[PDB]
file protein_21.cif (mmCIF, C-alpha atoms and all ligand atoms)
data_entry
#
loop_
_atom_site.group_PDB
_atom_site.id
_atom_site.type_symbol
_atom_site.label_atom_id
_atom_site.label_comp_id
_atom_site.auth_asym_id
_atom_site.auth_seq_id
_atom_site.Cartn_x
_atom_site.Cartn_y
_atom_site.Cartn_z
ATOM 1 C CA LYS A 231 -37.721 48.365 -68.670
ATOM 2 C CA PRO A 232 -39.630 46.955 -65.690
ATOM 3 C CA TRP A 233 -37.484 44.737 -63.452
ATOM 4 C CA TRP A 234 -39.165 41.516 -64.663
ATOM 5 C CA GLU A 235 -38.065 42.277 -68.242
ATOM 6 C CA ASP A 236 -34.747 43.787 -67.123
ATOM 7 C CA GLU A 237 -31.416 42.194 -67.973
ATOM 8 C CA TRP A 238 -30.063 43.355 -64.604
ATOM 9 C CA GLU A 239 -32.528 42.334 -61.869
ATOM 10 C CA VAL A 240 -31.373 39.293 -60.012
ATOM 11 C CA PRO A 241 -32.904 37.308 -57.101
ATOM 12 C CA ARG A 242 -31.124 38.246 -53.874
ATOM 13 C CA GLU A 243 -30.559 34.478 -53.225
ATOM 14 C CA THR A 244 -27.960 34.466 -56.002
ATOM 15 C CA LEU A 245 -25.677 36.437 -53.710
ATOM 16 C CA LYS A 246 -23.502 35.708 -50.745
ATOM 17 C CA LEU A 247 -21.934 38.663 -48.965
ATOM 18 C CA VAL A 248 -18.545 37.632 -47.552
ATOM 19 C CA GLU A 249 -16.485 40.615 -46.480
ATOM 20 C CA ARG A 250 -17.459 44.203 -45.765
ATOM 21 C CA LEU A 251 -14.861 46.390 -47.450
ATOM 22 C CA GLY A 252 -16.393 49.731 -46.613
ATOM 23 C CA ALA A 253 -19.200 51.378 -44.728
ATOM 24 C CA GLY A 254 -20.537 54.919 -44.550
ATOM 25 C CA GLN A 255 -23.620 57.079 -44.147
ATOM 26 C CA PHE A 256 -25.379 55.783 -47.269
ATOM 27 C CA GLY A 257 -24.573 52.088 -47.093
ATOM 28 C CA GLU A 258 -21.848 49.489 -47.335
ATOM 29 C CA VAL A 259 -19.621 47.888 -49.935
ATOM 30 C CA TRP A 260 -18.945 44.149 -49.695
ATOM 31 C CA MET A 261 -16.965 41.500 -51.545
ATOM 32 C CA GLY A 262 -19.321 38.595 -52.238
ATOM 33 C CA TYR A 263 -20.074 35.775 -54.676
ATOM 34 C CA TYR A 264 -22.777 35.542 -57.337
ATOM 35 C CA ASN A 265 -24.177 31.998 -57.878
ATOM 36 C CA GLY A 266 -21.358 30.612 -55.720
ATOM 37 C CA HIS A 267 -18.386 31.046 -58.055
ATOM 38 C CA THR A 268 -18.172 34.614 -59.323
ATOM 39 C CA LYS A 269 -16.540 37.225 -57.167
ATOM 40 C CA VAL A 270 -18.418 40.552 -57.166
ATOM 41 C CA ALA A 271 -18.563 43.859 -55.278
ATOM 42 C CA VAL A 272 -21.977 44.635 -53.712
ATOM 43 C CA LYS A 273 -22.948 48.230 -52.692
ATOM 44 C CA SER A 274 -25.963 48.223 -50.408
ATOM 45 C CA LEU A 275 -28.201 51.167 -49.606
ATOM 46 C CA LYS A 276 -28.743 52.031 -45.959
ATOM 47 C CA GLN A 277 -32.528 52.377 -45.854
ATOM 48 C CA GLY A 278 -33.682 55.906 -45.106
ATOM 49 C CA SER A 279 -30.210 57.461 -45.589
ATOM 50 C CA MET A 280 -31.100 58.637 -49.071
ATOM 51 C CA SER A 281 -33.631 58.152 -51.811
ATOM 52 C CA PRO A 282 -33.783 54.650 -53.333
ATOM 53 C CA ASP A 283 -34.251 56.424 -56.692
ATOM 54 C CA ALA A 284 -31.129 58.538 -56.081
ATOM 55 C CA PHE A 285 -29.154 55.414 -55.125
ATOM 56 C CA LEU A 286 -30.216 53.472 -58.239
ATOM 57 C CA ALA A 287 -29.397 56.386 -60.560
ATOM 58 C CA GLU A 288 -25.756 55.325 -60.267
ATOM 59 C CA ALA A 289 -26.627 51.852 -61.618
ATOM 60 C CA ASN A 290 -28.794 53.356 -64.376
ATOM 61 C CA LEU A 291 -25.798 55.504 -65.474
ATOM 62 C CA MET A 292 -23.497 52.394 -65.537
ATOM 63 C CA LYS A 293 -25.962 50.694 -67.914
ATOM 64 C CA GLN A 294 -25.085 53.462 -70.487
ATOM 65 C CA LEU A 295 -21.341 53.390 -69.928
ATOM 66 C CA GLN A 296 -19.975 49.962 -70.619
ATOM 67 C CA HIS A 297 -16.340 49.561 -71.552
ATOM 68 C CA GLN A 298 -13.309 47.445 -70.462
ATOM 69 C CA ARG A 299 -11.863 50.524 -68.725
ATOM 70 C CA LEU A 300 -14.942 51.310 -66.602
ATOM 71 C CA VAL A 301 -16.048 49.200 -63.638
ATOM 72 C CA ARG A 302 -18.851 47.029 -65.029
ATOM 73 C CA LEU A 303 -22.403 46.858 -63.720
ATOM 74 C CA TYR A 304 -23.476 43.207 -63.262
ATOM 75 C CA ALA A 305 -26.885 43.378 -61.575
ATOM 76 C CA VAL A 306 -29.291 45.086 -59.182
ATOM 77 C CA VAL A 307 -31.681 43.924 -56.435
ATOM 78 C CA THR A 308 -34.345 46.649 -56.381
ATOM 79 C CA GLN A 309 -36.169 45.621 -53.218
ATOM 80 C CA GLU A 310 -34.903 46.795 -49.812
ATOM 81 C CA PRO A 311 -32.129 46.702 -48.915
ATOM 82 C CA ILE A 312 -31.269 47.798 -52.441
ATOM 83 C CA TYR A 313 -28.079 46.404 -53.980
ATOM 84 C CA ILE A 314 -25.900 47.378 -56.963
ATOM 85 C CA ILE A 315 -23.641 44.487 -57.992
ATOM 86 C CA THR A 316 -20.510 45.162 -60.016
ATOM 87 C CA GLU A 317 -17.221 43.825 -61.315
ATOM 88 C CA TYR A 318 -14.851 43.188 -58.364
ATOM 89 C CA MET A 319 -11.514 45.060 -58.478
ATOM 90 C CA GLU A 320 -9.072 43.061 -56.350
ATOM 91 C CA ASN A 321 -6.590 45.809 -55.553
ATOM 92 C CA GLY A 322 -9.348 48.228 -54.623
ATOM 93 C CA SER A 323 -8.874 51.994 -54.740
ATOM 94 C CA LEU A 324 -5.841 53.389 -56.603
ATOM 95 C CA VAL A 325 -5.291 56.004 -53.896
ATOM 96 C CA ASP A 326 -5.007 53.131 -51.326
ATOM 97 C CA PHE A 327 -3.194 50.697 -53.605
ATOM 98 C CA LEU A 328 -0.314 53.128 -54.344
ATOM 99 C CA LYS A 329 0.505 53.226 -50.602
ATOM 100 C CA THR A 330 0.825 49.430 -50.206
ATOM 101 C CA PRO A 331 4.215 47.656 -50.548
ATOM 102 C CA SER A 332 3.312 46.615 -54.133
ATOM 103 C CA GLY A 333 2.251 50.114 -55.207
ATOM 104 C CA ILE A 334 5.405 51.660 -53.651
ATOM 105 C CA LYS A 335 7.663 49.495 -55.776
ATOM 106 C CA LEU A 336 5.992 50.559 -59.063
ATOM 107 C CA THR A 337 8.354 52.184 -61.575
ATOM 108 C CA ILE A 338 7.548 55.516 -63.240
ATOM 109 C CA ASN A 339 6.936 53.381 -66.367
ATOM 110 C CA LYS A 340 4.086 51.452 -64.790
ATOM 111 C CA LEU A 341 2.601 54.619 -63.200
ATOM 112 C CA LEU A 342 2.516 56.197 -66.679
ATOM 113 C CA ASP A 343 0.902 53.024 -68.078
ATOM 114 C CA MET A 344 -1.839 53.287 -65.425
ATOM 115 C CA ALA A 345 -2.278 57.052 -66.083
ATOM 116 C CA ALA A 346 -2.757 56.177 -69.791
ATOM 117 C CA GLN A 347 -5.346 53.445 -68.893
ATOM 118 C CA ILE A 348 -7.311 56.054 -66.981
ATOM 119 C CA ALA A 349 -7.158 58.579 -69.878
ATOM 120 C CA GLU A 350 -8.322 55.691 -72.101
ATOM 121 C CA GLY A 351 -11.361 55.151 -69.909
ATOM 122 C CA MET A 352 -12.050 58.916 -69.797
ATOM 123 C CA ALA A 353 -11.713 59.103 -73.649
ATOM 124 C CA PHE A 354 -14.629 56.581 -73.887
ATOM 125 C CA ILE A 355 -16.632 58.734 -71.416
ATOM 126 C CA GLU A 356 -15.774 61.854 -73.431
ATOM 127 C CA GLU A 357 -16.838 60.145 -76.688
ATOM 128 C CA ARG A 358 -20.245 59.095 -75.228
ATOM 129 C CA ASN A 359 -21.021 62.709 -74.350
ATOM 130 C CA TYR A 360 -20.784 62.078 -70.636
ATOM 131 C CA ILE A 361 -18.808 63.750 -67.890
ATOM 132 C CA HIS A 362 -17.790 62.150 -64.596
ATOM 133 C CA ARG A 363 -17.236 65.150 -62.226
ATOM 134 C CA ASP A 364 -15.496 63.100 -59.493
ATOM 135 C CA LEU A 365 -12.332 62.103 -61.283
ATOM 136 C CA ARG A 366 -9.680 61.476 -58.568
ATOM 137 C CA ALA A 367 -7.424 58.555 -57.580
ATOM 138 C CA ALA A 368 -9.928 57.460 -54.928
ATOM 139 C CA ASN A 369 -12.331 56.793 -57.770
ATOM 140 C CA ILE A 370 -9.993 54.685 -59.916
ATOM 141 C CA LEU A 371 -10.097 50.897 -59.046
ATOM 142 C CA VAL A 372 -7.186 48.523 -59.576
ATOM 143 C CA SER A 373 -7.496 44.889 -60.768
ATOM 144 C CA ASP A 374 -5.493 41.866 -59.701
ATOM 145 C CA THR A 375 -3.411 42.359 -62.896
ATOM 146 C CA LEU A 376 -2.731 46.054 -62.060
ATOM 147 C CA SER A 377 -4.988 47.384 -64.813
ATOM 148 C CA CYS A 378 -7.109 50.434 -63.878
ATOM 149 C CA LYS A 379 -10.839 51.161 -64.334
ATOM 150 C CA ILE A 380 -12.914 54.319 -63.821
ATOM 151 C CA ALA A 381 -15.490 53.934 -61.002
ATOM 152 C CA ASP A 382 -18.036 55.855 -58.843
ATOM 153 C CA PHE A 383 -20.339 57.186 -61.510
ATOM 154 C CA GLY A 384 -22.719 58.747 -59.014
ATOM 155 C CA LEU A 385 -22.137 62.291 -60.216
ATOM 156 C CA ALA A 386 -21.782 61.325 -63.888
ATOM 157 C CA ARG A 387 -24.129 63.098 -66.317
ATOM 158 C CA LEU A 388 -25.048 62.871 -69.938
ATOM 159 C CA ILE A 389 -24.304 66.211 -71.518
ATOM 160 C CA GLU A 390 -27.244 67.146 -73.746
ATOM 161 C CA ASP A 391 -25.894 70.576 -74.821
ATOM 162 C CA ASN A 392 -22.260 71.606 -73.941
ATOM 163 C CA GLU A 393 -22.496 71.869 -70.116
ATOM 164 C CA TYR A 394 -24.110 70.443 -66.905
ATOM 165 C CA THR A 395 -24.746 73.294 -64.143
ATOM 166 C CA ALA A 396 -25.044 71.888 -60.635
ATOM 167 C CA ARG A 397 -27.521 73.147 -58.002
ATOM 168 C CA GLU A 398 -26.572 76.397 -56.199
ATOM 169 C CA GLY A 399 -25.854 74.727 -52.845
ATOM 170 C CA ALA A 400 -23.730 71.970 -54.395
ATOM 171 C CA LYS A 401 -20.216 71.607 -52.990
ATOM 172 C CA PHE A 402 -17.242 69.865 -54.646
ATOM 173 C CA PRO A 403 -13.698 68.946 -53.498
ATOM 174 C CA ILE A 404 -11.865 72.187 -54.159
ATOM 175 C CA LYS A 405 -8.419 70.728 -54.911
ATOM 176 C CA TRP A 406 -9.632 68.403 -57.698
ATOM 177 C CA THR A 407 -12.331 70.609 -59.215
ATOM 178 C CA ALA A 408 -11.797 72.998 -62.229
ATOM 179 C CA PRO A 409 -12.238 76.711 -61.444
ATOM 180 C CA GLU A 410 -15.285 77.132 -63.718
ATOM 181 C CA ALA A 411 -17.036 74.363 -61.789
ATOM 182 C CA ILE A 412 -16.110 75.872 -58.379
ATOM 183 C CA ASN A 413 -17.017 79.466 -59.377
ATOM 184 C CA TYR A 414 -20.079 78.763 -61.546
ATOM 185 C CA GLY A 415 -21.385 75.219 -60.991
ATOM 186 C CA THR A 416 -20.397 74.702 -64.622
ATOM 187 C CA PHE A 417 -19.055 71.245 -65.624
ATOM 188 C CA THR A 418 -17.913 69.972 -69.018
ATOM 189 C CA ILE A 419 -15.581 67.235 -70.129
ATOM 190 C CA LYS A 420 -12.859 69.921 -69.835
ATOM 191 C CA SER A 421 -13.556 70.114 -66.107
ATOM 192 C CA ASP A 422 -12.773 66.379 -65.941
ATOM 193 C CA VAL A 423 -9.537 67.075 -67.837
ATOM 194 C CA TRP A 424 -8.511 69.564 -65.080
ATOM 195 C CA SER A 425 -9.306 66.879 -62.472
ATOM 196 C CA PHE A 426 -7.224 64.385 -64.478
ATOM 197 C CA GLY A 427 -4.288 66.835 -64.150
ATOM 198 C CA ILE A 428 -4.724 66.688 -60.373
ATOM 199 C CA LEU A 429 -5.101 62.839 -60.486
ATOM 200 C CA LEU A 430 -1.692 62.617 -62.271
ATOM 201 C CA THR A 431 -0.095 64.334 -59.151
ATOM 202 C CA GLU A 432 -1.728 61.726 -56.925
ATOM 203 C CA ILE A 433 -0.195 59.006 -59.102
ATOM 204 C CA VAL A 434 3.347 60.335 -59.152
ATOM 205 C CA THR A 435 3.349 61.026 -55.384
ATOM 206 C CA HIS A 436 1.879 57.604 -54.536
ATOM 207 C CA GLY A 437 -1.338 59.058 -53.255
ATOM 208 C CA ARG A 438 -0.335 62.328 -51.506
ATOM 209 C CA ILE A 439 -2.944 65.099 -51.100
ATOM 210 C CA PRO A 440 -2.726 67.720 -53.880
ATOM 211 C CA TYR A 441 -1.292 71.163 -53.170
ATOM 212 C CA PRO A 442 0.919 69.985 -50.219
ATOM 213 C CA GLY A 443 0.792 72.406 -47.245
ATOM 214 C CA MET A 444 -2.106 74.465 -48.575
ATOM 215 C CA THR A 445 -5.677 75.023 -47.423
ATOM 216 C CA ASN A 446 -8.520 75.472 -49.941
ATOM 217 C CA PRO A 447 -8.489 79.362 -49.644
ATOM 218 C CA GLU A 448 -4.708 79.303 -50.442
ATOM 219 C CA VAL A 449 -5.247 77.054 -53.474
ATOM 220 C CA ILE A 450 -7.989 79.396 -54.789
ATOM 221 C CA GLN A 451 -5.795 82.460 -54.224
ATOM 222 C CA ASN A 452 -2.826 80.863 -55.943
ATOM 223 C CA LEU A 453 -4.900 79.692 -58.920
ATOM 224 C CA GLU A 454 -6.383 83.188 -59.360
ATOM 225 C CA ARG A 455 -2.807 84.624 -59.612
ATOM 226 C CA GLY A 456 -2.121 82.231 -62.460
ATOM 227 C CA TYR A 457 0.014 79.797 -60.413
ATOM 228 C CA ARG A 458 -0.647 76.057 -60.509
ATOM 229 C CA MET A 459 0.525 73.246 -58.212
ATOM 230 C CA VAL A 460 4.233 73.238 -57.456
ATOM 231 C CA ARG A 461 6.118 70.439 -59.282
ATOM 232 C CA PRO A 462 5.774 67.344 -57.113
ATOM 233 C CA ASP A 463 8.974 65.797 -55.800
ATOM 234 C CA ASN A 464 10.480 63.411 -58.316
ATOM 235 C CA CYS A 465 7.873 64.253 -60.996
ATOM 236 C CA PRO A 466 9.346 63.986 -64.551
ATOM 237 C CA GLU A 467 9.195 67.435 -66.226
ATOM 238 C CA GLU A 468 7.412 65.982 -69.337
ATOM 239 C CA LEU A 469 4.571 64.724 -67.125
ATOM 240 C CA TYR A 470 4.420 67.973 -65.161
ATOM 241 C CA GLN A 471 4.098 69.931 -68.503
ATOM 242 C CA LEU A 472 1.249 67.511 -69.451
ATOM 243 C CA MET A 473 -0.541 68.347 -66.153
ATOM 244 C CA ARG A 474 -0.086 72.084 -66.906
ATOM 245 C CA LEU A 475 -2.017 71.547 -70.226
ATOM 246 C CA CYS A 476 -4.840 70.081 -68.154
ATOM 247 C CA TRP A 477 -4.803 73.220 -66.026
ATOM 248 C CA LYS A 478 -5.148 75.771 -68.818
ATOM 249 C CA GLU A 479 -7.251 78.708 -67.756
ATOM 250 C CA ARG A 480 -9.731 78.405 -70.628
ATOM 251 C CA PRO A 481 -11.577 75.050 -70.649
ATOM 252 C CA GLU A 482 -11.459 74.982 -74.451
ATOM 253 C CA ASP A 483 -7.649 75.117 -74.450
ATOM 254 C CA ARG A 484 -7.306 71.985 -72.299
ATOM 255 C CA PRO A 485 -6.618 68.792 -74.369
ATOM 256 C CA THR A 486 -8.957 65.931 -75.098
ATOM 257 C CA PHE A 487 -8.738 62.646 -73.228
ATOM 258 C CA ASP A 488 -7.774 60.936 -76.444
ATOM 259 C CA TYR A 489 -4.802 63.372 -76.836
ATOM 260 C CA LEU A 490 -3.798 62.683 -73.189
ATOM 261 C CA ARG A 491 -4.027 58.881 -73.645
ATOM 262 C CA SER A 492 -1.850 59.073 -76.719
ATOM 263 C CA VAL A 493 0.873 61.219 -75.134
ATOM 264 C CA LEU A 494 0.828 59.064 -71.978
ATOM 265 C CA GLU A 495 1.265 55.886 -74.046
ATOM 266 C CA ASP A 496 4.277 57.487 -75.755
ATOM 267 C CA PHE A 497 5.747 58.440 -72.389
ATOM 268 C CA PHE A 498 5.295 54.797 -71.246
ATOM 269 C CA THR A 499 6.644 53.224 -74.432
ATOM 270 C CA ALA A 500 9.795 55.314 -74.000
ATOM 271 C CA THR A 501 10.478 54.659 -70.306
HETATM 272 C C1 LIG A 601 -14.924 51.349 -51.815
HETATM 273 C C2 LIG A 601 -14.153 50.075 -52.423
HETATM 274 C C3 LIG A 601 -12.702 50.514 -52.866
HETATM 275 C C4 LIG A 601 -14.235 49.198 -51.146
HETATM 276 N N1 LIG A 601 -14.878 49.536 -53.648
HETATM 277 N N2 LIG A 601 -16.026 50.139 -54.138
HETATM 278 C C5 LIG A 601 -16.463 49.433 -55.205
HETATM 279 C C6 LIG A 601 -17.755 49.723 -55.835
HETATM 280 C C7 LIG A 601 -18.765 48.735 -55.888
HETATM 281 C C8 LIG A 601 -20.062 49.016 -56.341
HETATM 282 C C9 LIG A 601 -20.342 50.332 -56.766
HETATM 283 CL CL1 LIG A 601 -21.935 50.739 -57.441
HETATM 284 C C10 LIG A 601 -19.384 51.338 -56.720
HETATM 285 C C11 LIG A 601 -18.027 51.053 -56.251
HETATM 286 C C12 LIG A 601 -15.562 48.392 -55.410
HETATM 287 C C13 LIG A 601 -15.433 47.361 -56.409
HETATM 288 N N3 LIG A 601 -16.274 47.285 -57.507
HETATM 289 N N4 LIG A 601 -14.380 46.582 -56.282
HETATM 290 C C14 LIG A 601 -13.435 46.672 -55.301
HETATM 291 N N5 LIG A 601 -13.492 47.585 -54.358
HETATM 292 C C15 LIG A 601 -14.549 48.437 -54.429
#
call {"tool": "encode", "arguments": {"input": "protein_21.cif", "output": "structure tokens"}}
result
Amino acid sequence: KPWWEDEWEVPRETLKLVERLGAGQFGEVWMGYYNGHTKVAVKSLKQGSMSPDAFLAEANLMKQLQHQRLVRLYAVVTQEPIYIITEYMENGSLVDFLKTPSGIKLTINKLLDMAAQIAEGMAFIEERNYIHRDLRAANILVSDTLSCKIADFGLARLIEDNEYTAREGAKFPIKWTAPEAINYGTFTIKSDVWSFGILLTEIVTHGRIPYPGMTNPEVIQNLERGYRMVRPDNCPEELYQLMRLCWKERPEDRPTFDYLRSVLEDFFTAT
């Protein structure tokens, strides 16, 4: 709907930007307050760095994916500089949070709980016919109560028919991306499941880079031989066998996110 009839447009005066949390080529991310009392995250577009329409597509996607386990869109300011205002996650990125003194002291029980929260969020995404395509610990946000939410929906896509095929020059992080997506540009919810397998290694190693000691060409070569990532240090064998299900050669053999959530909750309720 036009911005004047939109439930999301908001006068820029309602916002006060307080602390820059991040900055890059396409903009910045700040902690701020909406109408004085409500803490929010504000992502601002660096004018000219990219299309305003491309930037706002992320917000438009978040409008269609609302759930307690996904970072919530709050508002948008569609005049330059363009802003996307969302739910503020106090403990920031999971990949960074796991490295802090609080994250380091987490028991395997709580790491499993978090893994299950993520699978829960991905099961909602899966049910809505969407895919994420950038599922990795960097893209999981942590709340002040240590609950986890899926974030960074920029590459998310509604799957009309079974699969989304990227553009021929599109590049993806090799270590987190399913082989079919790397070799063919082909993404399905099963590609996200592969990524989730990789995300579980990030969780159990407190944020270490997947495939320790290997370059991308080595990872590709090992995968093509039928090998998968070596068991991470201190990883419980039950969890490692769950990651192996996520890495099944055929996409169709990989489990659903609902199956994963359910097994992960059992693992948690036992430890
Ligand atoms: C990068 C980091 C960890 C500083 N970060 N990034 C976002 C975020 C905000 C708006 C959009 Cl549209 C997408 C992500 C964010 C947030 N909500 N809460 C806490 N930290 C956040």
call {"tool": "residues_near_ligand", "arguments": {"input": "protein_21.cif", "ligand": "ligand LIG 601 (chain A)", "cutoff": "10 Å", "atoms": "all atoms listed in the file", "output": "PyMOL selection string"}}
result
chain A and resi 250-254+258-261+269-274+285-289+292+301-306+313-327+368-373+379-384
call {"tool": "resolve_selection", "arguments": {"input": "protein_21.cif", "expression": "the PyMOL selection byres (((chain A and resi 349) around 10) and not hetatm)", "output": "number ranges by chain"}}
result
A: 299, 343-348, 350-356, 379-380, 423, 426, 486-495
call {"tool": "closest_residue", "arguments": {"input": "protein_21.cif", "among": "A:408, A:428, A:449, A:386", "to": "residue A:294", "atoms": "all atoms listed in the file"}}
result
A:386
call {"tool": "closest_residue", "arguments": {"input": "protein_21.cif", "among": "A:342, A:280, A:444, A:334", "to": "residue A:429", "atoms": "all atoms listed in the file"}}
result
A:342
call {"tool": "resolve_selection", "arguments": {"input": "protein_21.cif", "expression": "the PyMOL selection byres (((chain A and resi 501) around 12) and not hetatm)", "output": "NGL selection string"}}
result
:A and (337-343 or 466 or 468 or 494-500)
call {"tool": "atom_distance", "arguments": {"input": "protein_21.cif", "atom1": "atom CA of residue A:415", "atom2": "atom CA of residue A:451"}}
result
18.5 Å
call {"tool": "closest_residue", "arguments": {"input": "protein_21.cif", "among": "A:469, A:376, A:439, A:307", "to": "residue A:239", "atoms": "all atoms listed in the file"}}
result
A:307
call {"tool": "closest_residue", "arguments": {"input": "protein_21.cif", "among": "A:461, A:396, A:446, A:298", "to": "residue A:378", "atoms": "all atoms listed in the file"}}
result
A:298
call {"tool": "atom_distance", "arguments": {"input": "protein_21.cif", "atom1": "atom CA of residue A:409", "atom2": "atom CA of residue A:328"}}
result
27.4 Å
call {"tool": "build_atoms", "arguments": {"input": "protein_21.cif", "residues": "stretch 268-281 of chain A", "atoms": "N, CA and C atoms", "output": "mmCIF file, keeping the file's coordinate frame"}}
result
data_model
loop_
_atom_site.group_PDB
_atom_site.id
_atom_site.type_symbol
_atom_site.label_atom_id
_atom_site.label_comp_id
_atom_site.auth_asym_id
_atom_site.auth_seq_id
_atom_site.Cartn_x
_atom_site.Cartn_y
_atom_site.Cartn_z
ATOM 1 N N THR A 268 -18.613 33.345 -58.730
ATOM 2 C CA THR A 268 -18.172 34.614 -59.323
ATOM 3 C C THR A 268 -18.031 35.707 -58.305
ATOM 4 N N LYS A 269 -16.816 36.192 -58.137
ATOM 5 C CA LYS A 269 -16.540 37.225 -57.167
ATOM 6 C C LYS A 269 -17.112 38.562 -57.680
ATOM 7 N N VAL A 270 -17.811 39.276 -56.804
ATOM 8 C CA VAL A 270 -18.418 40.552 -57.166
ATOM 9 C C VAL A 270 -18.292 41.535 -56.007
ATOM 10 N N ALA A 271 -18.517 42.813 -56.309
ATOM 11 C CA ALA A 271 -18.563 43.859 -55.278
ATOM 12 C C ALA A 271 -20.063 44.157 -55.139
ATOM 13 N N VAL A 272 -20.550 44.356 -53.924
ATOM 14 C CA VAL A 272 -21.977 44.635 -53.712
ATOM 15 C C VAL A 272 -22.063 45.930 -52.859
ATOM 16 N N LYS A 273 -22.739 46.948 -53.396
ATOM 17 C CA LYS A 273 -22.948 48.230 -52.692
ATOM 18 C C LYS A 273 -24.387 48.185 -52.250
ATOM 19 N N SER A 274 -24.620 48.303 -50.949
ATOM 20 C CA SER A 274 -25.963 48.223 -50.408
ATOM 21 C C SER A 274 -26.388 49.542 -49.828
ATOM 22 N N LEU A 275 -27.646 49.903 -50.081
ATOM 23 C CA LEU A 275 -28.201 51.167 -49.606
ATOM 24 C C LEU A 275 -28.713 51.055 -48.185
ATOM 25 N N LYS A 276 -28.271 51.972 -47.332
ATOM 26 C CA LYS A 276 -28.743 52.031 -45.959
ATOM 27 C C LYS A 276 -30.115 52.667 -46.055
ATOM 28 N N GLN A 277 -31.152 51.893 -45.775
ATOM 29 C CA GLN A 277 -32.528 52.377 -45.854
ATOM 30 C C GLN A 277 -32.737 53.667 -45.063
ATOM 31 N N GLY A 278 -33.401 54.621 -45.710
ATOM 32 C CA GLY A 278 -33.682 55.906 -45.106
ATOM 33 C C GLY A 278 -32.552 56.921 -45.169
ATOM 34 N N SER A 279 -31.327 56.514 -45.526
ATOM 35 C CA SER A 279 -30.210 57.461 -45.589
ATOM 36 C C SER A 279 -30.261 58.361 -46.813
ATOM 37 N N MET A 280 -30.973 57.898 -47.831
ATOM 38 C CA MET A 280 -31.100 58.637 -49.071
ATOM 39 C C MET A 280 -32.186 57.953 -49.900
ATOM 40 N N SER A 281 -32.602 58.641 -50.942
ATOM 41 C CA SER A 281 -33.631 58.152 -51.811
ATOM 42 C C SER A 281 -33.222 56.890 -52.571
#
